[PDB]
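Below sits a lone chain in structure tokens, taken as the form deposited in one PDB entry.
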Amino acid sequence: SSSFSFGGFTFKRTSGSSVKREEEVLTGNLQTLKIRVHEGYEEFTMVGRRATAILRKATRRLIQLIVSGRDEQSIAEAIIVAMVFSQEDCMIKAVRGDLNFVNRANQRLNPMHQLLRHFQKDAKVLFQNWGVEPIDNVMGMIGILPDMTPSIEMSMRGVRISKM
């Protein structure tokens, strides 16, 4: 529809629709965020300077993410953005460390951007917590594990790389 930018990716909805509802979620380090949850199945393109992805998702669920990109960092960047954008519970529960989401004064930062900045610091716990699954052998596609190494047999749940 209208595109928007998030995490350095231009998102464009290419299919589906959603309604929104506010939910007060509880992070892994026991902070509350009031997030606008998108309810319904949707597909988006994500266009970055250094990676591209196609995301299928539903309410707080990433169903498929196909990514291409120039190097390990740029592919990881896309996966982190997509995992945050999915609003999944395992992502909310993967938050660690300082209680730095609490508003300091009258700031009212955007919770989705708060989450993104947290996981851009270090996505190791996010990726470890996300889940891995066996994959089918689809020529041209490969899996990617939580330590960012490729695998032809297993991948982070829902995620596949289209090999350059």
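Counting begins at 1, following the sequence as shown. If you superpose the two forms and keep the largest set of C-alpha atoms that fall within 1.5 Å, you have the rigid core. Only residues modelled in both forms are compared.
Greater mean Cα temperature factor according to the PDB record, 121-129 or 104-112 = It is 104-112 that shows the higher mean C-alpha B-factor.
Would you determine, from the values in the PDB entry, which of 92-100 and 135-143 has the greater average C-alpha temperature factor?
-> Higher of the two, by average CA B-factor, is 135-143.
Determine, from the deposited record, the chain-internal third of the Cα B-factor for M156: lowest, middle or highest.
-> Lowest third.
Split the chain's modelled residues into thirds by Cα B-factor; is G28 in the lowest, middle or highest one?
-> Tercile = middle for this residue's CA B-factor.
In terms of the chain's CA B-factor thirds, is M46 lowest, middle or highest?
-> Tercile = lowest for this residue's CA B-factor.
Among all modelled residues of this chain, ranked by Cα B factor, put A58 in the bottom, middle or top third, i.e. lowest, middle or highest.
-> Its C-alpha B-factor belongs to the middle third of this chain's values.
What comes next is about the form deposited in another entry, which is not displayed.
Using the core for the fit, does the CA position of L99 change by 2 Å or more between the shown form and the other one?
-> Passes the 2 Å threshold, so yes.
Core-aligned, is the CA shift for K121 between the shown form and the other one 2 angstroms or more?
-> Superposed on the core, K121 moves its C-alpha less than 2 Å between the shown form and the other one.
Cα displacement of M148 between the shown form and the other one reaching 2 Å, rigid core superposed = After core superposition, the C-alpha of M148 moves less than 2 Å between the shown form and the other one.
Where do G69 and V138 end up in the other entry, Cα atoms closer or farther than shown, with a change of 3 Å or more?
-> Farther apart, by at least 3 Å.
Given that the CA-CA distance for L33 and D98 shifts by 3 Å or more in the other entry, does it become closer or farther?
-> Pair moves closer in the other entry.
With the rigid core held as the fitting reference, name the runs of three or more adjacent residues whose C-alpha atoms all move by 2 angstroms or more between the shown form and the other one.
-> Runs shifting 2 Å or more: 97-109, 138-141.
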